[PDB]
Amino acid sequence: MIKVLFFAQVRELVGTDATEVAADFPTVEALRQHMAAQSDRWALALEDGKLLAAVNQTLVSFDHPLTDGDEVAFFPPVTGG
């Protein structure tokens, strides 16, 4: 499974701190697009350009590959401010 963690406003908008997903996501982008299309609210939380992603504790770009066992953390960038 891939562990996906949500922090800060991402978490507060989507209603969960964590969810385990099947390992059927080739990249962070596939995972994000899949999750973003569940609802408008999800699309707001994971809006491209308003999102950062870390894989196994390293900040990566959305083209980064995912592998079974990976931990993915999604959280907002901040320029506050």
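Note that residue numbering follows the sequence shown and begins at 1. Here the rigid core means the biggest group of C-alpha atoms that line up within 1.5 Å when the two forms are laid on top of each other.
- In summary, of the stretches 22-30 and 43-51, 43-51 shows the greater Cα distance from the shown form in 5 other deposited structures of this protein, with structures fitted on the rigid core.
- Rigid core superposition in 5 other deposited structures of this protein puts the Cα atoms of one stretch, out of 71-79 and 2-10, farther from the shown form on average, and that stretch is 71-79.
- With 21-29 and 69-77 compared on mean CA B-factor from the PDB entry, the stretch scoring higher is 21-29.
- Compared with the other modelled residues of the chain, the Cα B-factor recorded for residue 8 ranks in the lowest third.
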